[PDB]
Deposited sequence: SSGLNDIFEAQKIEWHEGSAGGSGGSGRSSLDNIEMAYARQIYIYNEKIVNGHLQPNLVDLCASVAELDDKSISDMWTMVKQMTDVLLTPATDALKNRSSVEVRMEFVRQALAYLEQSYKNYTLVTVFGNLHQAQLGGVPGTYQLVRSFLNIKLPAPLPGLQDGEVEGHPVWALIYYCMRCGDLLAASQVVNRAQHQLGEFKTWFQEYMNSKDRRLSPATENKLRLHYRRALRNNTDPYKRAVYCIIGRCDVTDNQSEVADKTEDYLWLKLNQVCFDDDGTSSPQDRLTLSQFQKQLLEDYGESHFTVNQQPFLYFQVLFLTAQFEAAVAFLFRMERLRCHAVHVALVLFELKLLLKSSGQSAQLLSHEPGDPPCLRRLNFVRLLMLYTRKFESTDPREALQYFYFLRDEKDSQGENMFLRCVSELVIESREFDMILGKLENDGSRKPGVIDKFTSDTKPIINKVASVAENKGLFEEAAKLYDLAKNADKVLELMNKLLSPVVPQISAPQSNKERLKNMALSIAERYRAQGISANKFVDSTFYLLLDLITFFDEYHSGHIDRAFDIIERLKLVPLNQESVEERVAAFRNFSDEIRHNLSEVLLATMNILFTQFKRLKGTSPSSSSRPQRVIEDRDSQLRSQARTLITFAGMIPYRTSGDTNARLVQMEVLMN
């Protein structure tokens, strides 16, 4: 098996997810099934799924293309709110463990008191301004209340520092009471002027940071003294991004979400974030900024972490969030000319195929579960992608019994892996059989048509396969022996089970087998038994009385039968010629039969009739 513990754990979740789809039961959320796998791995994987769950928990318009939803301002703003919520709750957890040692012992206080207990450890310094509030510097209290996502707690601190904060009291009030955490253009410019004029080059880093979080200003300043870690930097910038240009505000000192997204993907990039040691940190950077496709593409190239990237993509696919490439030939990560900037396309088919191809040779059962995600996908020619992957896997692996089921001698069918995806498995088996047929795998196709109980196609292909080998020697491990044996198996099973194709195809098949028996007795030297066979077949005439009706019947015999007339005539003539020598009136009728064959041969057009008729007459001459 090529699947490791986590990869296999994921596969089981896909098995469960698919089982519910097929049986029309209440379908549990895939993200939840996948998140439970993090228990078997580090906290990075648990944190990844926690983030993914929150970033994809947004309100989407139903029955709508992912591009329309992903491009709407409502959805884009909700991604930011979900990212800010995650980053704020994450920091509040870091504060709970800092004060209580671990999240277990926190068993809860309000944000204001929690921050106070936190500053005892965080700030057990000179530059701070505007005094304290109940023992701790006011701006540190405000910043960390905001960093924990509790604006009400921050306002309580402001309400207790009205004295020295000045006009910031009313600015924070408007900010908190605004629905989108945004000041009015007039108050924002006022604050911005106040920041540039006075509070720039200030000694209280918390004051500067709080000011331009509220004012969404100094966007090139990362406030590193207080927002020293990557998540603090994401939280800061996401609080400052402006989505669309309203046409009235000044663009100076403004950070749009598009720029910020392109700064992290293009300008900074993998290298900046110490990528190999902390690939999940860059994945978080991309995913928290709603660059889902680029995030998946990035993590997918980390082959040790590829399963995580694939199953995040499956969640995005199932939630109708994923932006998919139009074609299967595009790169893994691409973009279309009319898509908004920073929105990218993921080649979903390619990503899934590259993943299954790692293990479909050793674990075909699992690969089939992942193929089912392509049941609604179509290839460049319009074929169902799930059936195409199934057909190719079946044909290339030759695991016909396991995947498609096993036909038993009594006509029953043992279920296969395919039975887990439907109850009407016959059309799928037939489809795979046709694919094998178009590829020239006629023996394989016939077996598959037999599994599908498609008698017309089985005997059609067997006629095509038997016809060339009818006169050949049934040598061990030869093509004729193999084809003859599977023809005898079919004949026996079909006779016992009462199965029959259309009369024309059906009679051709059993006549081809009867001729195979004729030649085998002939090649084995059983001249008399061979003669008894061909006579009972009433195929060629042995007396002038039967010549006319044999010529008539030959006009409706299949090309497969007509192709073998030459060898039937030669072998039959040699039988009469052999029986003639062994006598040395038995002669009159023996040479009369030979002359009947020549007469019959002359009235019938058949392959190689010139050289054959010559050889027949040459044997007759050695009898008269």
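Residues 1-28, 136-138, 156-157, 618-632 of the deposited sequence, counted from 1, carry no C-alpha coordinates in the model.
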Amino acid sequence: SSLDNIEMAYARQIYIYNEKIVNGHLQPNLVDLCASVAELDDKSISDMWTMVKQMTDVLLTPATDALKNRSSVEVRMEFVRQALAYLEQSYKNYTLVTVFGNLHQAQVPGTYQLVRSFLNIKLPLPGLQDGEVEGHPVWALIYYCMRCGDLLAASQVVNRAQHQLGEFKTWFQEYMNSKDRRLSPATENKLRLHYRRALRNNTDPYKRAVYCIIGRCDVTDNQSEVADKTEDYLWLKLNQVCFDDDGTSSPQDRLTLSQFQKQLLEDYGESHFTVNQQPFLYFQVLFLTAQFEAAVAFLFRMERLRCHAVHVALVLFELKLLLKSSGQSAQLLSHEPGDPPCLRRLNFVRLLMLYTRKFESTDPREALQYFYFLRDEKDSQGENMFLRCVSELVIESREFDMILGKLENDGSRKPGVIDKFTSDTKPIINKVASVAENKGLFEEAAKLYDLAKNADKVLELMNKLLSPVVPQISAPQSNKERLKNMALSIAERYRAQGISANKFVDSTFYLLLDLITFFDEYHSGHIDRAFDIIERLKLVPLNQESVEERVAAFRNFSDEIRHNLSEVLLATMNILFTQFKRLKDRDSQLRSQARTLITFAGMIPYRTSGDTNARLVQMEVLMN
From here on, numbers count along this sequence of modelled residues.
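Taking the PDB entry as given, 197-205 carries the higher mean Cα B factor of the two stretches 324-332 and 197-205.
Between 134-142 and 270-278, it is 270-278 that carries the larger average Cα temperature factor according to the deposited entry. Annotation for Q82, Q107, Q369, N430: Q107 ranks highest, by Cα B-factor. Listed residues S588, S566, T50, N69 were ranked by CA B-factor as deposited; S588 comes out on top. Sort the chain's modelled residues by C-alpha temperature factor and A571 lands in the lowest third, per the entry. Placement of the Cα temperature factor of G149 within the chain: lowest third of the modelled residues, per the deposited record.
In the PDB entry, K190 places in the highest third of its chain by CA B-factor.
Among all modelled residues in this chain, the alpha-carbon of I598 has a temperature factor (C-alpha) in the middle third. In this PDB entry, the Cα temperature factor of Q223 sits in the middle third of its chain's modelled residues.
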